[PDB]
Amino acid sequence: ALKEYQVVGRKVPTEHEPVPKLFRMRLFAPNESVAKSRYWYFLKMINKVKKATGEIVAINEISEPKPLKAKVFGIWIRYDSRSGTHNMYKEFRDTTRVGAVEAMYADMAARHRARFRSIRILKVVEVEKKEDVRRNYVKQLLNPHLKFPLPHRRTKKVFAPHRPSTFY
Amino acid sequence: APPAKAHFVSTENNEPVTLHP
Amino acid sequence: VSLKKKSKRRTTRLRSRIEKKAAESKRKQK
Amino acid sequence: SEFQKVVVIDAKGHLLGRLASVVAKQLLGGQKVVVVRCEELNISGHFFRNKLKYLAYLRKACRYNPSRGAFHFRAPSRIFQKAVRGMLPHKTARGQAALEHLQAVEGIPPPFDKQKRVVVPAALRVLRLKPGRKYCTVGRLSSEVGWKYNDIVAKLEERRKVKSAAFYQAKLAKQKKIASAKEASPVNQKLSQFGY
RNA sequence: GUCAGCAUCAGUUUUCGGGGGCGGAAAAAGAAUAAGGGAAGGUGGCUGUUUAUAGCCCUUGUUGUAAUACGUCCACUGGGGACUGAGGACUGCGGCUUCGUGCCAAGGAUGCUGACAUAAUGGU
RNA sequence: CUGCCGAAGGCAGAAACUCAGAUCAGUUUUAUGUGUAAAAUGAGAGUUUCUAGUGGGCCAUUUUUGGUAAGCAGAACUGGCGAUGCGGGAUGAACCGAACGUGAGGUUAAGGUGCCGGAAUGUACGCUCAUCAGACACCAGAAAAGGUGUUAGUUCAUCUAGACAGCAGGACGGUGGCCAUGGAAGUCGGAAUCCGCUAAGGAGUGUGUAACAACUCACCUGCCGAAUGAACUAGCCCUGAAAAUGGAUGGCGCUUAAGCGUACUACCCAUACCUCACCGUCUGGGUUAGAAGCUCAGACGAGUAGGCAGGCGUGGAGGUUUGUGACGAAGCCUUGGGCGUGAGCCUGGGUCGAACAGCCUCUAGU
RNA sequence: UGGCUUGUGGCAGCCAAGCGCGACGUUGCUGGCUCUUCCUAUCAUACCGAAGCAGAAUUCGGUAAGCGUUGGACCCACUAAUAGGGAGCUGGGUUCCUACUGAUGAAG
Numbered sequence: 002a003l004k005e006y007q008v009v010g011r012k013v014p015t016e017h018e019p020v021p022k023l024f025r026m027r028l029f030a031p032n033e034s035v036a037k038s039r040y041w042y043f044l045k046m047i048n049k050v051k052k053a054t055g056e057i058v059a060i061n062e063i064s065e066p067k068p069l070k071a072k073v074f075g076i077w078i079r080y081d082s083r084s085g086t087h088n089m090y091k092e093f094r095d096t097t098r099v100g101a102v103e104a105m106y107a108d109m110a111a112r113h114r115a116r117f118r119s120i121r122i123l124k125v126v127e128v129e130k131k132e133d134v135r136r137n138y139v140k141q142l143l144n145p146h147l148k149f150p151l152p153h154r155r156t164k165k166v167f168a169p170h171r172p173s174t175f176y
Numbered sequence: 133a134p135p136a137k138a139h140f141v142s143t144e145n146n147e148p149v150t151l152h153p
Numbered sequence: 002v003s004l005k006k007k008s009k010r011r012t013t014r015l016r017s018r019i020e021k022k023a024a025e026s027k028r029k030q031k
Numbered sequence: 002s003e004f005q006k007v008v009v010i011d012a013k014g015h016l017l018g019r020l021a022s023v024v025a026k027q028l029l030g031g032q033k034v035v036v037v038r039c040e041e042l043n044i045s046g047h048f049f050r051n052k053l054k055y056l057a058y059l060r061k062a063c064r065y066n067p068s069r070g071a072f073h074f075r076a077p078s079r080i081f082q083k084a085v086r087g088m089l090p091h092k093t094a095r096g097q098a099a100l101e102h103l104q105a106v107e108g109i110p111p112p113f114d115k116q117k118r119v120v121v122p123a124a125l126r127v128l129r130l131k132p133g134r135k136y137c138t139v140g141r142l143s144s145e146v147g148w149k150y151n152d153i154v155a156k157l158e159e160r161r162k163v164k165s166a167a168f169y170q171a172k173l174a175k176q177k178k179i180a181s182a183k184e185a186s187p188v189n190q191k192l193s194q195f196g197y
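Protein chains in written order, with the deposited numbering: chain S, 2 to 156, 164 to 176; chain T, 133 to 153; chain s, 2 to 31; chain O, 2 to 197.
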């Protein structure tokens with residue numbers, strides 16, 4: 002699965018730069034090693050800081066402060082496509098930022114044939130205001146009187169003696 | 133060259149800044 | 002049943018020839 | 002889920018490929034299988050496409066002695082047998098013996114209409130097909146590919162359902178009598194703490 | 001002589017279970033209980049409002065030094081199954097034992113028992 | 001017959017002796033600019049001498065120039081093949097794993113878990129319906145694009161001052177503006193295309209009329225109450241042509257997949273990996289209590305050309321076995337038994353009738 | 001022995017959806033005699049759509065390969081039509097088994 006990490010890093014201090022600036026990024030990766038490499042290439046492509054002359058100063062996994070409250074997360078991401086450039090913004094209702102990112106990765110691999118390396122996440126933000134929600138299906142979930150029967154009921165022990173119920 | 137030794141990295145002077153790709 | 006006019010399965014010369022000439026196409030566009 | 006000598010499967014509402022695969026695995030396990038009522042097997046895909054599939058199957062024939070050419074079987078039971086045997090190693094003695102353990106029939110003949118008929122949930126269309134999907138019936142594809150015994154089976158099935166309904170009503174009445182005497186008996190409440 | 005069963009072991013190995021530390025935001029949550037803030041997908045009330053005859057969200061205190069969760073470790077431990085028994089007096093390295101021809105899971109299996117012999121194994 | 005070493009597109013081995021070395025490396029650092037020089041790791045490193053076989057070619061890789069509808073041609077390096085069995089890709093000289101003694105057990109790689117087929121008709125989230133779907137494999141030839149198929153997005157639009165649509169109505173009067181004509185009044189046809197009114201009626205969007213007239217939009221008002229529209233991108237789907245007997249994602253078949261994409265577990269097995277036994281080769285230690293022997297330990301095992309070593313069998317000769325034999329030699333047959341990895345050897349039974357064999361040497365029309 | 005192959009020519013300019021190119025457009029000039037089967041890319045026959053199609057006759061296009069596509073020296077007749085292709089024999093020109101078809105035949 003995925004875990005959210007904060008990676009703080011800087012280049013090695015020298016005489017030219019006695020106090021190098023400290024760069025922190027919030028990013029998602031299965032483990033710390035992938036997170037550090039994910040961060041290093043991001044730092045290379047944004048600020049041209051080489052991996053050799055830099056160092057990861059702080060690694061910290063982050064847990065969801067309120068995993069028991071359903072939230073709506075809007076995700077700004079950039080995609081590499083045939084043209085090599087695209088921008089998308091999706092909304093997912095889930096109780097955890099990590100799960101929202103996992104759902105985003107599954108949806109994009111399902112729709113646009115996107116892989117982990119092809120997807121770079123710009124921002125995952127929480128949308129508390131109902132009006133700020135843009136997606137109609139999210140608004141459908143947010144309606145106060147939501148109700149619906151179970152979808153995809155679908156139901164070793166081969167050779168059942170009776171016919172299936174698949175109803176109530 | 134040996135591996136880099138443990139040291140300190142004071143941030144009160146330069147607090148970490150959020151970077152987004 | 003296949004239900005096709007052209008077989009979906011390919012011959013070994015044909016499948017090998019794609020990697021022969023697909024690589025050359027990348028050489029040409031380079 | 003216990004080894005019986007003979008398993009009678011009422012193929013109504015099942016999917017041809019899924020039921021064939023389950024049956025083909027049971028035959029290699031060494032179990033006699035009787036698949037009754039084969040004119041009710043369901044196949045995914047709309048009827049016109051399935052008939053085009055079958056009519057393409059007729060096209061396969063020898064250019065010398067079509068008598069030795071492919072044998073196109075039109076009965077729904079034989080259609081199921083062809084599906085099953087394609088999932089078996091019938092070129093060997095093991096697969097050939099496995100085929101001998103399968104009896105696929107049209108309707109429910111009298112030797113098997115008085116026996117319990119289990120169903121396979123892994124092949125049932127209701128549990129395995131998304132609602133709103135077009136399908137077809139083998140007993141219908143057979144009639145428009147050459148099978149000429151549809152009316153007789155339907156008539157003999159209406160008779161069978163009438164007789165079975167009369168039998169069930171008699172058995173239900175006897176079961177009601179036994180059920181009424183059940184709570185009348187005392188030990189059924191006296192020491193029923195074991196859950197029975 | 002043949003084939004078995006079990007027990008105690010040694011080598012290899014697979015599969016469940018318990019106990020205990022140690023780390024992270026000294027988990028995050030959560031519960032219970034005191035402040036303040038905000039409101040809703042607006043409850044009682046009267047479409048509109050701010051806990052009332054439902055409640056929710058945010059911050060802080062507290063119960064607290066809570067648990068859990070994951071990671072990690074134990075020279076902590078309880079079981080189940082399978083393959084193997086090479087070597088052939090004595091030394092060696094070790095632990096108990098007061099030393100002891102002392103004992104021991106410590107430089108490679110022993111012990112107990114049963115059935116069959118016209119059967120069983122093995123060969124063709 | 002077996003074992004060991006083992007290529008080549010100057011090699012591999014053999015013998016003769018250096019130093020227990022800073023002596024070399026299909027290597028990486030440090031310094032100076034792929035060259036050179038002076039830390040890491042690994043390895044015992046070497047020198048002269050002679051002597052078998054080969055000096056070819058196929059495939060792919062990255063560096064360029066000449067190129068054309070279109071491929072293509074010529075270089076350098078790199079590997080694989082060739083001497084190479086095994087697992088998988090339905091099967092295969094060049095694809096993915098893996099380098100091979102005889103076995104037992106465990107675990108995997110690549111690929112897989114609907115049935116054929118050993119292994120989850122597992123879990124979770126999406127996409128897709130194809131009257132000639134997909135499982136294909138940079139989807140590269142057709143390829144540029146079409147679609148009132150679907151799901152997502154990106155950028156601009158109006159919207160309880162009532163959105164789009166829908167019904168009701170207005171959509172005018174100067175004016176039949178002017179040339180143009182049988183007949184043209186906005187609408188056969190030639191430049192616009194102005195104005196009074198507005199909330200709006202375009203010298204007029206189309207149909208139509210010989211000409212008219214009449215209807216429509218494009219433009220506004222009444223009712224009606226909420227979202228709606230346009231242009232692009234992405235995934236799947238249809239199409240983007242192909243013939244000639246039957247027909248192939250390998251087959252059966254599969255449509256909340258057994259197709260496509262991702263994520264997570266569980267599971268399957270190669271000669272591969274690990275533990276053990278055994279065979280052989282090499283190497284190392286020890287051995288005065290068949291020395292051509294004994295003993296302990298470790299590593300290793302494809303193999304063509306080629307090199308080295310040890311054995312099995314056949315005819316004859318010398319020596320030996322107080323050797324075997326008419327109470328049955330040799331030979332031959334055999335569903336008998338035993339030994340050796342093997343060449344082969346011994347033996348039981350039957351037949352048979354007069355010679356034959358082991359050991360150490362010699363020899364060859366072996 | 002290319003998933004080959006088929007219906008739309010060559011040069012220049014103007015645009016210009018867009019990314020110096022730039023698509024469509026737009027303008028400038030000179031071998032025959034008999035034989036089994038298959039494909040449709042249909043000549044005729046069947047049924048349809050369009051056209052100044054009044055009728056008759058006809059043109060083009062669609063589904064369609066079920067069934068036909070001749071007789072004589074490109075020529076001239078017949079015919080509804082004389083459509084196009086794939087997978088035993090002869091002329092002028094250079095100096096065993098297996099298949100196919102019929103026939104028996106032991107056997108639950």
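No residue lacks a Cβ here, since even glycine has one placed at the ideal position from N, Cα and C.
What's the gap between the Cα of residue i and the Cα of residue j?
i: T/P148; j: S/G10; result: 8 Å
i: S/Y80; j: S/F149; result: 35 Å
i: O/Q97; j: s/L15; result: 38 Å
i: O/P77; j: O/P112; result: 19 Å
i: S/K130; j: S/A2; result: 29 Å
i: O/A99; j: s/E25; result: 53 Å
i: O/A105; j: O/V37; result: 6 Å
i: O/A174; j: O/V24; result: 36 Å
i: s/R28; j: s/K22; result: 9 Å
i: S/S34; j: S/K4; result: 12 Å
i: T/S142; j: S/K91; result: 38 Å
i: residue 163 of chain S; j: S/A104; result: Since the numbering of chain S jumps from 156 to 164, residue 163 of chain S cannot be located in this structure.
Excluding five sequence neighbours on each side, which residues of the same chain lie with their C-beta closer than 6 Å to the C-beta of residue i?
i: O/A84; result: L17, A21
Which residues of chain T have a Cβ atom closer than 7 Å to the Cβ of residue i, listed in chain order?
i: S/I47; result: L151, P153
i: S/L123; result: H152, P153
Once you ignore the five residues that flank residue i on each side, which residues in its own chain have a CB closer than 8 Å to its CB?
i: O/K117; result: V9
i: S/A115; result: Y80, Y106, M109
i: S/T15; result: none
i: O/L128; result: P122
i: O/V146; result: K52, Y55, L56, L59, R75
i: S/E18; result: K12
What residues of chain O sit near residue i, judged by a beta carbon separation below 7 Å?
i: s/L15; result: The premise fails here: s/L15 is roughly 24 Å from chain O at the closest Cβ pair, so nothing lies under 7 Å.
i: S/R171; result: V120
i: S/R155; result: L128
Among the options, which residue has its Cα nearest to the Cα of residue i?
i: S/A36; options: S/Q141, S/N61, S/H170; result: S/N61
i: S/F24; options: S/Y40, S/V128, S/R121, S/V134; result: S/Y40
i: T/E144; options: S/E18, S/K22, S/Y6, S/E5; result: S/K22
i: O/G140; options: O/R79, O/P187, O/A182; result: O/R79
i: S/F175; options: S/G85, S/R154, S/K165; result: S/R154
What in chain O is Cβ-close to residue i, meaning under 8 Å?
i: S/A168; result: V119, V120, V121, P122
In chain s, what lies closer than 9 Å to residue i by C-beta?
i: O/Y58; result: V2
With a CB to CB cut of under 7 Å and the five nearest residues on each side skipped, what residues in its chain are close to residue i?
i: residue 178 of chain S; result: With chain S covering only 2 through 176, there is no way to say anything about residue 178 of chain S.
i: O/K54; result: none
Output, in chain order, the set of chain S residues within a Cβ distance shorter than 8 Å of residue i.
i: O/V85; result: Near O/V85 there are no residues of chain S at all, since even the closest Cβ is about 16 Å away, more than 8 Å.
i: O/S2; result: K164, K165, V166, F167
i: T/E147; result: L23
So with CB distances below 8 Å, who are the chain s contacts of residue i?
i: O/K54; result: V2, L4
Identify the contact partners of residue i in chain T, using a Cβ-Cβ distance below 8 Å as the criterion.
i: S/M89; result: Within 8 Å Cβ-Cβ: nothing; S/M89 doesn't reach chain T, min ~14 Å.
Going along chain O in order, which residues have a C-beta closer than 9 Å to the C-beta of residue i?
i: S/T97; result: Going along chain O, no residue has its Cβ under 9 Å from S/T97, so there is no contact; the nearest lies around 30 Å.
**OP:** Inspect the CB distances between the region 5-25 of chain S and the region 50-67 of chain S and report whether three or more fall short of 8 Å.
**Re:** Cβ pair count under 8 Å is three or more, so yes.
Subject >> At least 3 beta-carbon pairs within less than 8 Å: the region 84-94 of chain O vs the region 153-167 of chain O >> reply: no
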